[PDB]
Amino acid sequence: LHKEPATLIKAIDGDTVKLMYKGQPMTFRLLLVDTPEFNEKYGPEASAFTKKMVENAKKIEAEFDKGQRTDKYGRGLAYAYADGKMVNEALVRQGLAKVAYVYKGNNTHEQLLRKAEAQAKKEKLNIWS
Ligand SMILES: Cc1cn([C@H]2C[C@H](OP(=O)(O)O)[C@@H](COP(=O)(O)O)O2)c(=O)[nH]c1=O
Ligand SMILES: [Ca+2]
């Protein structure tokens, strides 16, 4: 896989963000994770965590997987990086997202995220408290 440039347009919630990608506005949904909705427990904390991570970043990148690049709602499906740190993995490592929606052939980073979830579970963080 490879990282491509994007710029933040706007934070949305824990697992969606609006980025400009190849000069066009798009909503991205973060691969292989599920944050709580804003109206659910830890939803606001998840939203805040992703917002801080993407707004503070000097460089955002979007990394597509091998499979579909858009979902049925027209959202881009990617791993997103903020100054080289993966947002998807960071949300999981902090107990703010579960590994989820693992579809065949868009799952390159599955085991990396599962290792992060296991550690957030051990530390009984947030969702795992
Ligand atoms: C993360 C992800 C979500 N989706 C679809 C599945 C779910 O459909 P349904 O809307 O039919 O439940 C939905 C969950 O996204 P949200 O968690 O953003 O609601 O998005 C994909 O198709 N591919 C993906 O990789
Ligand atoms: Ca969600």
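The chain is numbered in sequence order, starting from 1.
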Asks: Looking only at heavy atoms, which two atoms of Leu32 and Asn106 are closest? And how far apart?
Replies: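 Heavy-atom minimum between the residues: CD2-O, 3.6 Å.
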
Asks: Does any N or O in the side chain of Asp83 come within less than 3.5 Å of the main-chain N or O of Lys58, such that one atom is a donor and the other an acceptor?
Replies: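 Between the backbone of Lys58 and the side chain of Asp83 there is a qualifying donor-acceptor contact (under 3.5 Å).
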
Asks: Donor-acceptor pair, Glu117 side chain versus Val99 backbone, under 3.5 Å?
Replies: yes

Asks: Is there a chain of hydrophobic side chains (I, L, V, M, F, W, Y, each step under 4.5 Å between heavy atoms) that links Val87 to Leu8?
Replies: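 They do share one cluster, since a chain of ILVMFWY contacts under 4.5 Å joins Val87 to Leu8.
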
Asks: If I compare all heavy atoms of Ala97 with all of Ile127, which pair ends up nearest, and what's the gap?
Replies: N-CD1, 3.9 Å

Asks: Hey, quick one: are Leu30 and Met20 part of the same hydrophobic cluster, counting side-chain heavy atoms closer than 4.5 Å, chains of contacts allowed?
Replies: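 Cluster IDs for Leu30 and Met20 differ.
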
Asks: Evaluate side-chain contact (heavy atoms from CB on, under 4.5 Å) for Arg93 paired with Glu123, printing each intermediate quantity in order.
Replies: CA-CA 10 Å; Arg93 175 61 179 86; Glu123 288 164 24; 2.8 Å; yes

Asks: Atom CD1 in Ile60, atom CD1 in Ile9: separation rounded to 0.5 Å?
Replies: 12.0 Å

Asks: If you compare all heavy atoms of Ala11 against all heavy atoms of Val17, which two are closest, and at what distance to 0.1 Å?
Replies: CA-CG2, 4.3 Å

Asks: Taking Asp71 for the side chain and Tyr73 for the main chain, is one N or O donor matched with an acceptor at less than 3.5 Å?
Replies: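 Flag set: sc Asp71 to bb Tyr73 pair under 3.5 Å.
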
Asks: From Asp15 CG over to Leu96 CG, what is the distance, rounded to the nearest 0.5 angstrom?
Replies: 11.5 Å

Asks: Could you state the interatomic distance from NZ (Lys98) to CZ (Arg114), rounded to the nearest 0.5 Å?
Replies: 12.0 Å

Asks: Flag the pair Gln119 / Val92 as yes when at least one side-chain heavy-atom distance between them is below 4.5 Å, and no otherwise.
Replies: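 Contact flag for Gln119/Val92 side chains = no.
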
Asks: Classify the ring geometry of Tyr21 against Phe28: parallel below 30°, tilted from 30° to 60°, perpendicular beyond 60°.
Replies: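 Geometry flag for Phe28 against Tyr21: perpendicular rings.
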
Asks: Checking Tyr79 against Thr108 for the side-chain contact (heavy atoms from CB on, under 4.5 Å) test, could you report, in this order, the C-alpha distance in whole Å, the side-chain angles of both residues, the deciding distance, and whether it holds?
Replies: CA-CA 10 Å; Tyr79 305 101; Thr108 294; 4.3 Å; yes

Asks: Grab the two heavy atoms, one from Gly95 and one from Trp128, that are nearest each other, plus how far apart they are.
Replies: CA-CD1, 4.0 Å

Asks: Is the shortest heavy-atom distance from the side chain of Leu1 to the side chain of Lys66 under 4.5 Å?
Replies: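 A side-chain contact under 4.5 Å exists here.
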
Asks: So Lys85 and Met53, do their side chains get closer than 4.5 Å, heavy atoms only?
Replies: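 Contact flag for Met53/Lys85 side chains = yes.
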
Asks: Hey, does the side chain of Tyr42 reach the backbone of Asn126 with a donor-acceptor pair shorter than 3.5 angstrom?
Replies: yes

Asks: For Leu31 versus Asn88, what's the shortest heavy-atom pair and its separation?
Replies: O-ND2, 2.9 Å

Asks: Do the non-hydrogen side-chain atoms of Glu89 and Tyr81 ever get within less than 4.5 Å of each other?
Replies: no

Asks: Would you indicate whether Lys115, at its atom NZ, is surrounded by more than 12 heavy atoms from other residues, nucleotides or ligands within a distance under 6.0 Å?
Replies: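 Count not over threshold, so no.
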
Asks: Is there a chain of hydrophobic side chains (I, L, V, M, F, W, Y, each step under 4.5 Å between heavy atoms) that links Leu19 to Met26?
Replies: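 Cluster IDs for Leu19 and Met26 match.
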
Asks: Could you tell me whether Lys18 atom NZ has more than 12 heavy atoms of other residues or ligands within 6.0 Å of it?
Replies: yes

Asks: Looking at every non-hydrogen atom in both residues, tell me the closest pair between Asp65 and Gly105 and how far apart they are.
Replies: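 Taking every non-hydrogen atom into account, OD1-O, 4.0 Å.
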
Asks: Answer whether the closest heavy-atom distance between the side chains of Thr50 and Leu91 falls below 4.5 Å.
Replies: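 A side-chain contact exists here, since the closest heavy-atom pair is under 4.5 Å.
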
Asks: Could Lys104 and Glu110 be called an ion pair, given the rule that one side-chain N must be under 4.0 Å from one carboxylate O?
Replies: no

Asks: Going through the checks in order, is the side-chain contact (heavy atoms from CB on, under 4.5 Å) test met by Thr70 and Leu77?
Replies: CA-CA 5 Å; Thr70 318; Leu77 295 166; over 6 Å; no

Asks: Does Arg29 pair with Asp13 as a salt bridge, N-O distance under 4.0 Å?
Replies: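 Salt bridge between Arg29 and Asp13, a charged N being under 4.0 Å from a carboxylate O: no.
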
Asks: How about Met86 and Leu112: do any of their side-chain heavy atoms sit closer than 4.5 Å?
Replies: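 Yes; the side chains approach each other to less than 4.5 Å.
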
